[PDB]
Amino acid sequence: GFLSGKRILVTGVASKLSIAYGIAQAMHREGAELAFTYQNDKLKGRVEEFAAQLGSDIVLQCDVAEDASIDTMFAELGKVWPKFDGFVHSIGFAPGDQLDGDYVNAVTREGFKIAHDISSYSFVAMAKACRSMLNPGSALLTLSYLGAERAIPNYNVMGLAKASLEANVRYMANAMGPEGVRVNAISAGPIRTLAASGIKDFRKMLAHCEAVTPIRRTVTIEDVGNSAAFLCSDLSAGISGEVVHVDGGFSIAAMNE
C-alpha cells in the first residue's frame, strides 16, 4: 500500500468507535507498521487486543498530562523503533461541567486550563519528546473540529482549545518542515455514533448535519481514516500546516435551510 515501509505510532484508541481505530485500520490496510499507546490500565486490554488484530504488539502507556509519561513512552518505543515516521494525535479532554449551557457561565479557569493542556499542548509535547527519532519524510497528524472556527452551542471551551490546536499545527509545521517533518490536522464532522457524548445535544447536531450537508450524510471513521492515511503518506509531501475539512462540505454551506 502507499504506507508500506512506514512505522506510525497511533494514539487515542479507546473503542471500535474511536476515530483512531478507523485511522489504524486504514493505515494498516495501506501497509504501515503501527504502534499503539493507551491512557490507563482501564483501556490497556482493549488496545492490546486491537493492536494484535492489526499485527502489532507495541502497546505502551501514555498519559499526555504527564511529561514523564511521555518521555518514558518514547524511551520504550525507541528500544524497538529507534526511528519512526511520525504519529497520529487523536486525544482530547475537558470536564463535563464545561460543555453544558452558556459558555460564559460554564467556563472556569481550571476547565479552560485542562481543556487546553490535554487538547492542544499535548500535541507539541509529543513532538518535543520524539523529535530526535523522527525520520525525514515523517508526518504528524491531529484531529480538530469546526468548533474551533465557529461558535458552536455547548462546544464552549473545547472550541478555544481546538483553535489553540490548529494554531499549534501551523507553528509546529513551520518549526519542523526544514528538517523533513510535515504537520497537519483533519477537521472532521461529527461522527454518527451510538455511544454518548460530552457535547450536549450531540444527537441533534448529527441530525441537522445530515440534512444540510452537501453530500447529505455524516462522515465515517472510514472517511476520516482514509484521509489520515493519505495525509501521513508520502503522497501528501506537498501538504503541511494544513487543516483539511473532512465533513462532506458542511462548513462551506449556509442557510441550506
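Numbering starts at 1 and runs along the sequence shown.
In at least a third of the other PDB entries of this protein that model the residues around it, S197 has no coordinates. Between 120-128 and 84-92, it is 84-92 that carries the larger average Cα temperature factor according to the deposited entry. Stretches 20-28 and 237-245 differ in mean CA B factor, with 20-28 having the higher one. Highest CA B-factor among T193, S56, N40, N226, as stated in the entry: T193. Residue set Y171, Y145, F112, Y103: peak C-alpha B-factor at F112 (per PDB entry).
Sort the chain's modelled residues by C-alpha temperature factor and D97 lands in the highest third, per the entry. Among the modelled residues of its chain, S251 has a C-alpha B-factor that falls in the lowest third, as given in the PDB entry. Sort the modelled residues of the chain by CA B factor and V212 lands in the middle third. The entry lists a Cα temperature factor for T218 that places it in the middle third of the chain's modelled residues. Placement of the Cα temperature factor of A75 within the chain: middle third of the modelled residues, per the deposited record.
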